[PDB]
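See structure below.
Quick note: the coordinates plus some simple rules give every number you see, no bench work behind them. As a convention, Cβ positions derive from the backbone with ideal geometry for all residues, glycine included, and neighbour counts pool all protein chains shown.
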RNA sequence: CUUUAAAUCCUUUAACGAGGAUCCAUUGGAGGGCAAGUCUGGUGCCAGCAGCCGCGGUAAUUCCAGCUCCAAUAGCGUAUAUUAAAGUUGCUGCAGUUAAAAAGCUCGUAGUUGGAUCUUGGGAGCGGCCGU
């Protein structure tokens, strides 16, 4: 019940000294504790099992059926994850893919179609993502358009807090793993796109491994 | 990233490689913000203030990460112009 | 087996149960009101998986 | 495309025109062969006279005997195996009875079990085979 | 060569995916909440919005100070202000995009008769209108779809020729009076 | 009464006209795709269902029925031409090592596409070095 952090970054997060995962994602820090995302976005995180997929390896005697679970996670206001876990039983696969999704959550940059008034509602620019054959293209749309999409990326983009978006998939989208990964690769690349908004030369703030370098020496081994 | 009113609206301003000027994603785990210690020019001791250079994973696996820091330190007066 | 002589075998020999006398069902918006009042305003979140409308065992 | 010339409109058009005959759906619908060969002669339905009742063996894995009817049409005089759809409805069809025949669904293609049967039976002697099956109408005798 | 019109359009569009659980969920929410009778009734309000929305987006491609865009814009805004869907603070045509189906069902004369407190429920309100009880400026409106204007809202009340207003008592009361007098002698 | 050439229909209106308000809503489905029963009875690769994968060989969630549920609703199914879906005709925009696909090779006339290079610096004013 009482969480015990093993990594350096998890120890800072627990002690309320790094106070938002915006600060973690500024330094591209690998999150490997599951309870960092359960700490910050804990109440605004919702889980939907995209697919239970039975996979098999042919053995001396019959097949060894394991179950691959795709879980899409995210708060309906900034962040999405996509976790894939293969296990012998279905409950272990789901739970493991919830954890792997949480670890994997990324922030989505969201911009404006034309008029720049109120809160942002859409993808900031045309961003393609892919794995396998599946090429997914996310396109900025006007306010109230909804997510014009296939039901899988529609489910991730809802979870990303994107209200409005035009999609355009390509290749074998019927293979869900590739399609869910491709649309997750497409919203991954929103804060990896250099727009003119992001030209103001970088002011390098101090790392959480430097800001609290004197705290980490005593707080744990 | 202002709206019409002027409010800064995006949820974090991502770092940007000092060598290539290309932004560093939330999961580019081969990035490196390297702090170079400064010198009291008469003494030759650590001041407490330091220069901070960020590099994206792409340049690090490209093998150009050392020559980038070499230019950045030379372009900061750390390394001699002669060199 | 089963050439042209076995036509209507099963449809022929089904034990013809009479259709039960039923109270007539509402139509138009009345059905659709009854439907809304069943789906949303009644039920509260139950522990475990949600069952179907015609869930029987 | 492959020639991106500003004055390549007859090369781009005439190429598409030529390659469009390798499309199967197009060539079918734009030659006179598929239409002159079609028993219905490019109609939705057609009436024909029942001449014999046939028991067609299901393709395989599922092995039942599908009660179709060999039908001679009125318009062409062409001969057709038309599937009698619902359960035990071959009892509603005698010899020398006008049947309205329709397609099966797959637009001049065999559907599931039945091999070389492209058509189904809709009406028998100007009475719908559903009304006979449900027993809302009786056969005119 | 006859002297008839033939001009007619559809007012609805059937959705592409017929069995989306999330769509069937939200549309039956709209029906039950605003007391409609079929999915065509939601689909036609959705299509009136999509037309308005398509028009609004077509104007947003045109440059500012384009006389077509100013005239057509101001007209579309004034049309939405009149029917009481868009506020007079929000008559810039980028606020039409931030506009939902619920706001047009709010202006439905069934839902206004409910919210003005001269009907008990949303389902009662349709009965009253459909049984020609209510009037809008001495005009008996029989039809619940009447989009009530912001000009025309407070003039909604019972018809003068209806027993819920100052009208002749109805068929049931008049038979029950004749039964009450038939029983006594 | 009004309507109308004369009528009809609507509208208006006396009088009648609703409790199982019998004044009784259907048409298709309920394995998945695709919203909705592993409910009971019958049948036993038969009868049949099934656009597709498939269901039926005696526990049939798939047949034939009863109950129930789902969808659309005064409408709903079926057949067929056709449009989108089809970035599965590709101008936008597809492919061609191995999945179907580059001529055996070169020349070559139409066709198509074609290197760089020929007016620039100023004179004048307004607004707070810049913009018309």
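Only residues in the stretch C:1-18 that are closer than 12 Å to residue D:87 by Cα count as the first member; pair them with residues that are more than 6 Å from RNA strand F (Cβ to nearest atom), Cβ under 7 angstrom, at least 6 apart or cross-chain, and list the lot.
Hits for this filter: C:7/D:91; C:8/D:91.
Tell me whether the stretch B:36-52 contains one or more residues that are under 16 Å from residue A:202 (Cα atoms) and either part of a loop (DSSP other than H, G, I, E, B) or more than 10 Å from every other protein chain (Cβ to nearest Cβ) (or both).
No, the stretch B:36-52 contains no residue that is under 16 Å from residue A:202 (Cα atoms) and either part of a loop (DSSP other than H, G, I, E, B) or more than 10 Å from every other protein chain (Cβ to nearest Cβ) (or both).
Just one of the numbered conditions (1) surrounded by fewer than 22 Cβ atoms within 10 Å (Cβ to Cβ); (2) touching a strand residue (DSSP E or B) at 6+ places or on another chain (Cβ under 7 Å); (3) within 14 Å of chain B (Cβ to nearest Cβ) is not true of residue A:184; which one?
(1)
Suppose we filter E:101, E:129 for residues that are surrounded by 15 or more Cβ atoms within 10 Å (Cβ to Cβ), touching a residue at least 40 places away in the same chain (Cβ under 8 Å) and in contact with a helix residue (DSSP H, G or I) (Cβ under 7 Å, 6 or more places away or on another chain); which single one remains?
E:101
State whether the residues of the stretch D:121-136 include one that is within 13 Å of the chain's Cα centre (by Cα) and either surrounded by 13 or more Cβ atoms within 10 Å (Cβ to Cβ) or not in a loop (DSSP other than H, G, I, E, B) (or both).
yes
Condition (residue is near RNA strand F (Cβ under 9 Å from one of its atoms), surrounded by 10 or more Cβ atoms within 10 Å (Cβ to Cβ) and assigned to a helix (DSSP H, G or I)) applied to the stretch C:15-27: is it met by at least one residue?
Checked the stretch C:15-27: no residue is near RNA strand F (Cβ under 9 Å from one of its atoms), surrounded by 10 or more Cβ atoms within 10 Å (Cβ to Cβ) and assigned to a helix (DSSP H, G or I).
Out of B:37, B:73, B:54, B:30, report the one residue that is in contact with a helix residue (DSSP H, G or I) (Cβ under 6 Å, 6 or more places away or on another chain) and either without any contact (Cβ under 8 Å) to a residue 40 or more places away in the chain or more than 24 Å from residue A:211 (Cα to Cα) (or both).
B:30
I need the full set of residues from the stretch A:199-216 which are within 11 Å of another protein chain (Cβ to nearest Cβ) and surrounded by 18 or more Cβ atoms within 10 Å (Cβ to Cβ), in order please.
A:202
Give just the number: which of (1) part of a loop (DSSP other than H, G, I, E, B); (2) near RNA strand F (Cβ under 7 Å from one of its atoms) does residue C:48 not satisfy?
Checking residue C:48 against (1) part of a loop (DSSP other than H, G, I, E, B); (2) near RNA strand F (Cβ under 7 Å from one of its atoms), the one that fails is (2).
Given the structure, is residue A:138 closer than 29 Å to residue B:7 by Cβ and within 16 Å of RNA strand F (Cβ to nearest atom)?
Numbers: closer than 29 Å to residue B:7 by Cβ: yes; within 16 Å of RNA strand F (Cβ to nearest atom): yes.
Considered against the rule, which asks whether it is closer than 29 Å to residue B:7 by Cβ and within 16 Å of RNA strand F (Cβ to nearest atom), residue A:138 comes out as yes.
Take the residues in the stretch D:31-49 that are near RNA strand F (Cβ under 8 Å from one of its atoms) and free of Cβ contacts under 8 Å to residues at least 40 places away in the same chain, then tell me which one is farthest from residue D:122 (Cα to Cα).
Within the stretch D:31-49, the match that is farthest from residue D:122 (Cα to Cα) is D:42.
Only residues that are out of contact with any helix residue (DSSP H, G or I) (no Cβ under 6 Å at 6 or more places or on another chain) and not in a loop (DSSP other than H, G, I, E, B): list them for the stretch D:92-120, please.
Within the stretch D:92-120, D:98, D:99, D:100, D:101, D:102, D:103, D:119, D:120 meet the criteria.
Do we have any residue at all in the stretch D:98-121 that's within 14 Å of chain C (Cβ to nearest Cβ) and over 18 Å from residue D:64 (Cβ atoms)?
So in the stretch D:98-121, the residues within 14 Å of chain C (Cβ to nearest Cβ) come out as D:113, D:121.
So of that shortlist, the ones also over 18 Å from residue D:64 (Cβ atoms) come out as none.
No, the stretch D:98-121 contains no residue that is within 14 Å of chain C (Cβ to nearest Cβ) and over 18 Å from residue D:64 (Cβ atoms).
Report whether or not residue D:52 is more than 10 Å from RNA strand F (Cβ to nearest atom), within 14 Å of chain C (Cβ to nearest Cβ) and part of a loop (DSSP other than H, G, I, E, B).
Answer is no for this residue.
With the stretch A:28-106 as the region, which strands (runs of 3 or more DSSP E) entirely inside it contain at least 3 residues that are within 14 Å of chain B (Cβ to nearest Cβ)?
Strands (runs of 3 or more DSSP E) meeting the threshold: A:79-87.
Quick check: anything in the stretch C:28-44 part of a loop (DSSP other than H, G, I, E, B), near RNA strand F (Cβ under 7 Å from one of its atoms) and within 14 Å of chain D (Cβ to nearest Cβ)?
No, there is no match, as no residue in the stretch C:28-44 is part of a loop (DSSP other than H, G, I, E, B), near RNA strand F (Cβ under 7 Å from one of its atoms) and within 14 Å of chain D (Cβ to nearest Cβ).
Tell me which residues, restricted to the stretch B:1-35, are more than 22 Å from the chain's Cα centre (by Cα) and more than 7 Å from chain A (Cβ to nearest Cβ).
B:2, B:5, B:6, B:7, B:8
Out of the stretch E:132-182, which residues are more than 30 Å from residue E:49 (Cβ to Cβ), touching a strand residue (DSSP E or B) at 6+ places or on another chain (Cβ under 7 Å) and not in a loop (DSSP other than H, G, I, E, B)?
E:158
Among (1) within 7 Å of RNA strand F (Cβ to nearest atom); (2) surrounded by fewer than 16 Cβ atoms within 10 Å (Cβ to Cβ), which single condition is residue D:76 missing?
So residue D:76 meets the others, but not (1).
Listed residues B:69, B:78, B:59; which is part of a loop (DSSP other than H, G, I, E, B) and farther than 22 Å from residue A:20 by Cα?
Only one candidate passes the filter, namely B:78.
Go through the stretch D:83-107 and give me each residue that's within 15 Å of residue D:125 (Cα to Cα) and free of Cβ contacts under 8 Å to residues at least 40 places away in the same chain.
D:90, D:91
Given the conditions (1) touching a strand residue (DSSP E or B) at 6+ places or on another chain (Cβ under 6 Å); (2) away from every other protein chain (no Cβ under 14 Å), which single one is not true for residue D:68?
Condition not satisfied by residue D:68: (2).
Test residue E:156 against the stated conditions and say whether it is within 14 Å of chain C (Cβ to nearest Cβ) and away from RNA strand F (no atom under 13 Å from the Cβ).
no
The conditions are (1) within 14 Å of another protein chain (Cβ to nearest Cβ); (2) surrounded by fewer than 20 Cβ atoms within 10 Å (Cβ to Cβ), and residue A:127 fails exactly one of them. Which is it?
(2)
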